[PDB]
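Residue numbers (the entry's author numbering), protein chains in the order written: chain A, 196 to 243; chain A', 22 to 436. A prime marks a further copy of an entry chain. Every residue, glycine too, gets a C-beta built ideally from N, C-alpha and C. Following: one structure in structure tokens, then a few remarks.
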Amino acid sequence: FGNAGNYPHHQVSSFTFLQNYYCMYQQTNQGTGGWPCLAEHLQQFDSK
Amino acid sequence: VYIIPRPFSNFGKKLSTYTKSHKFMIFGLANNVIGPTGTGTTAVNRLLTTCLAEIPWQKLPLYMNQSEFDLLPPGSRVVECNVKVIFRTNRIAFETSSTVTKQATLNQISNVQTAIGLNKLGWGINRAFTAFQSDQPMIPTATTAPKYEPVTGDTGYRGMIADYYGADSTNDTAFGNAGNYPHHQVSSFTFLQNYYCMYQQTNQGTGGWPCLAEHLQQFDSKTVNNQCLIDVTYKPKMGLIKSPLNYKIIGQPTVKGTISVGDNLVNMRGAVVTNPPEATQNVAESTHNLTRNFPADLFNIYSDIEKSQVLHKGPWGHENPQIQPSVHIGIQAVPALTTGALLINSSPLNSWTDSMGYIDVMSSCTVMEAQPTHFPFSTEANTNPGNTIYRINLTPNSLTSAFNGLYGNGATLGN
Numbered sequence: 196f197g198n199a200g201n202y203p204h205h206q207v208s209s210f211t212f213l214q215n216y217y218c219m220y221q222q223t224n225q226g227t228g229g230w231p232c233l234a235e236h237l238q239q240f241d242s243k
Numbered sequence: 022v023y024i025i026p027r028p029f030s031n032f033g034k035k036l037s038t039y040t041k042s043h044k045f046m047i048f049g050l051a052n053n054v055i056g057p058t059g060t061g062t063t064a065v066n067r068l069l070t071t072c073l074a075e076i077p078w079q080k081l082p083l084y085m086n087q088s089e090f091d092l093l094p095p096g097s098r099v100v101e102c103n104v105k106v107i108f109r110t111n112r113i114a115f116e117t118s119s120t121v122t123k124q125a126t127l128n129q130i131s132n133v134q135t136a137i138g139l140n141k142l143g144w145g146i147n148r149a150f151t152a153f154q155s156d157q158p159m160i161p162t163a164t165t166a167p168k169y170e171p172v173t174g175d176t177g178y179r180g181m182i183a184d185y186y187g188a189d190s191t192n193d194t195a196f197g198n199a200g201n202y203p204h205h206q207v208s209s210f211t212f213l214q215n216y217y218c219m220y221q222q223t224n225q226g227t228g229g230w231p232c233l234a235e236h237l238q239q240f241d242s243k244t245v246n247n248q249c250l251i252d253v254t255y256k257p258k259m260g261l262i263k264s265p266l267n268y269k270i271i272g273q274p275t276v277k278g279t280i281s282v283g284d285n286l287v288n289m290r291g292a293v294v295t296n297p298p299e300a301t302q303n304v305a306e307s308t309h310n311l312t313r314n315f316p317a318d319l320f321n322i323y324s325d326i327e328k329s330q331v332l333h334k335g336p337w338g339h340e341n342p343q344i345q346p347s348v349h350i351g352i353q354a355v356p357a358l359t360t361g362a363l364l365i366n367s368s369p370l371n372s373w374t375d376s377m378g379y380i381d382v383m384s385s386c387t388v389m390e391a392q393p394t395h396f397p398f399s400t401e402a403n404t405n406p407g408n409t410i411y412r413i414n415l416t417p418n419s420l421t422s423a424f425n426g427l428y429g430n431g432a433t434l435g436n
């Protein structure tokens, strides 16, 4: 509420971020072979 | 009647396919002020340079990675393999600096240029990776052995393979906040580390710079933009890419009565051949050829990492007692360098605006094979001399494509 505190955003159009991005896990020795291929599981367009 | 039906062992043929979307980047290397002899060995010679970046559609890794290669059965041969590229776009700098010279501009005039056969077929050499210049830094300076495999003066740079695929779940040098990334596997741009140029020395032979311009096409980039300008393919004349199949020694008389000599009067040609042009001259050349014929069967590869080994081996792998010739075509994509707006006083043209092109390239190939066996207790895959395959060995490199033709590749190492 406040000049400056936690805003109704949605209720009054506001941008807000998508606070999570995604990634892949993998360790070292208890199992191993390389980074699989994301590229063949998500499509890419020329944005514009 | 009643025929008792014979046996049969039909060994099937594995036939795979591979693809990969590489995102390559080129720079508009300023029509490369020719660099004199890259080596203190050929010292008096030079390289007229182009920005024509080289797409390695001949080095196995452009198509498949470690494993896929790794797992190919013996006798595995690449059937055909293709590349198509799209001028996804190019980017040119914006001088803020006013500095120098180079007047700042929102203008932009750039132009793509592609070319095919030149490489192999014409009069040039792929000599790249380089060593170069400060602002108005697109012309370059140190020639160098073209890099496909990884290079190192103990520190190392490169790894085509690893550039596209990253390291091993354990390998240190990569994996890391900051070390050798899976790129391909997770879309990344990477550069086309080789550009192409032409060699030529001074006095033992002479007449001027031939005309590249009439051996590569040029488009107004923006026009050709986001449209694919490459798509040529090669069906290697002989692409046995894994150690061949061993013919087994279990027939009968003399052919295993003993391991002696079993030779015979055939009256048909059966050995690989050789041209040795005797260039000798006194003000423009005088040549002489001498066909040399030679042997056959020892192996094809070893280090296993000889995936970074060449593709079409038409000049050395004679399959069975016979013969043949030919070279994998070659292919280049790029943008002629954007000239600085060097006002008034430029009456030399030598100021060059940094510009980088993002070319989108997809590579694919087939390679396939069988795993037959004709002997009941024979261990390995096995065939017969009927084909067995045969290599032809030599002291130095066999056809070292990293140094210009005479159509086939001379077998000696340049620069």
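{"Asked": "Give the straight-line distance between the Cα atoms of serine 329 of chain A' and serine 281 of chain A', rounded to the nearest whole angstrom.", "Found": "38 Å"}
{"Asked": "Buried or exposed for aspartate 284 of chain A', going by 16 or more other Cβ atoms inside 10 Å?", "Found": "exposed"}
{"Asked": "According to DSSP, which residues form a beta bridge with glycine 33 of chain A'?", "Found": "Partner(s): none; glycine 33 of chain A' has no beta bridge."}
{"Asked": "Mind checking the stretch 35-52 of chain A' against chain A and listing, in chain order, the residues whose C-beta falls within less than 7 Å of any C-beta there?", "Found": "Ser42"}
{"Asked": "Check the C-beta distance from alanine 317 of chain A' over to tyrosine 217 of chain A' and give it rounded, since I have them as a contact under 8 Å.", "Found": "At roughly 35 Å, the Cβ-Cβ gap does not stay under 8 Å, so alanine 317 of chain A' and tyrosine 217 of chain A' are not in contact."}
{"Asked": "Can the beta-carbon of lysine 168 of chain A' be found closer than 9 Å to that of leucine 332 of chain A'?", "Found": "no"}
{"Asked": "Considering just the uninterrupted stretch of the beta strand (DSSP E) at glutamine 222 of chain A', what are its terminal residues?", "Found": "216-222"}
{"Asked": "Output the distance between the C-alpha atoms of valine 54 of chain A' and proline 265 of chain A', rounded to the nearest integer angstrom.", "Found": "46 Å"}
{"Asked": "Going by C-alpha distance, which of A':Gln345, A':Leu420, A':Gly426 is nearest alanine 432 of chain A'?", "Found": "A':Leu420"}
{"Asked": "So, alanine 114 of chain A' versus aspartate 375 of chain A', is the Cβ gap smaller than 9 Å?", "Found": "yes"}
{"Asked": "Quick one: is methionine 289 of chain A' buried, meaning 16 or more other Cβ sit within 10 Å of its Cβ, or exposed?", "Found": "exposed"}
{"Asked": "With 16 other CB atoms within 10 Å as the buried threshold, where does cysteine 232 of chain A' fall?", "Found": "exposed"}
{"Asked": "Is the beta carbon of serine 242 of chain A' sitting closer than 9 Å to the one on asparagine 128 of chain A'?", "Found": "no"}
{"Asked": "In whole angstroms, what separates the C-alpha of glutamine 225 of chain A from that of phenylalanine 45 of chain A'?", "Found": "34 Å"}
{"Asked": "From which residue to which residue does the beta strand (DSSP E) around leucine 139 of chain A' run?", "Found": "Where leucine 139 of chain A' is concerned, there is no enclosing beta strand (DSSP E), although the alpha helix (DSSP H) it sits in stretches over 139-142."}
{"Asked": "Over what stretch of residues does the beta strand (DSSP E) that includes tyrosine 379 of chain A' continue unbroken?", "Found": "376-386"}
{"Asked": "Closer than 9 Å by beta-carbon distance: list the chain A residues that pair up with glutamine 157 of chain A', in chain order.", "Found": "Going along chain A, no residue has its Cβ under 9 Å from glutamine 157 of chain A', so there is no contact; the nearest lies around 30 Å."}
{"Asked": "So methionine 389 of chain A' packs on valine 100 of chain A', CB below 8 Å; how close in whole Å?", "Found": "6 Å"}
{"Asked": "Have a look at A':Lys258, A':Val287, A':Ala391 and flag the residue whose alpha-carbon is nearest the alpha-carbon of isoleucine 350 of chain A'.", "Found": "A':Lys258"}
{"Asked": "What residue range does the alpha helix (DSSP H) around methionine 46 of chain A' cover?", "Found": "Looking at the DSSP string, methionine 46 of chain A' is not in any alpha helix (DSSP H); the run it does join, the beta strand (DSSP E), is 39-48."}
{"Asked": "Name the residue from A':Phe90, A':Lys41, A':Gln239 whose alpha carbon lies nearest to the alpha carbon of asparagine 103 of chain A'.", "Found": "A':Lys41"}
{"Asked": "Under 9 Å, do residue 442 of chain A' and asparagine 321 of chain A' count as touching if we go by C-beta distance?", "Found": "In the structure as shown, chain A' starts at 22 and stops at 436, and residue 442 of chain A' therefore has no counterpart that could be examined."}
{"Asked": "Out of A':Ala362, A':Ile326, A':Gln221, which has the shortest C-alpha to C-alpha gap to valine 65 of chain A'?", "Found": "A':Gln221"}
{"Asked": "The alpha helix (DSSP H) that contains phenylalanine 90 of chain A', what's its start and end?", "Found": "87-91"}
{"Asked": "Would you mind listing the beta strand (DSSP E) stretches within the stretch 177-261 of chain A' that are 3+ residues and don't spill past its ends, in chain order?", "Found": "210-212, 216-222, 249-251"}
{"Asked": "Within 10 Å of its beta-carbon, does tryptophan 230 of chain A' have 16 or more other beta-carbons around it, so buried, or fewer, so exposed?", "Found": "exposed"}
{"Asked": "For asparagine 224 of chain A, would you say it is in contact with chain A', using Cβ-to-Cβ distances shorter than 9 Å as the test?", "Found": "yes"}
{"Asked": "Quick one: which chain A' residues come within Cβ less than 9 Å of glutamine 239 of chain A?", "Found": "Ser42, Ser208"}
{"Asked": "Could you give the residue range of the beta strand (DSSP E) that holds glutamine 134 of chain A'?", "Found": "132-135"}
{"Asked": "Under three-state DSSP, which class holds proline 82 of chain A'?", "Found": "helix"}
{"Asked": "At what residues does the beta strand (DSSP E) containing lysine 105 of chain A' begin and finish?", "Found": "102-113"}
{"Asked": "Identify the contact partners of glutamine 221 of chain A in chain A', using a Cβ-Cβ distance below 7 Å as the criterion.", "Found": "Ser190"}
{"Asked": "Which chain A' residues are close to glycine 228 of chain A, counting only those with a beta carbon under 9 Å from its beta carbon?", "Found": "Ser88, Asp189, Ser190"}
{"Asked": "Alpha carbon to alpha carbon, what distance is there between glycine 200 of chain A' and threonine 194 of chain A'?", "Found": "6 Å"}
{"Asked": "Among A':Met181, A':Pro336, A':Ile326, A':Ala74, whose alpha-carbon lies nearest the alpha-carbon of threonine 295 of chain A'?", "Found": "A':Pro336"}
{"Asked": "Report the three-state DSSP secondary structure of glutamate 340 of chain A' (helix, strand or coil).", "Found": "coil"}
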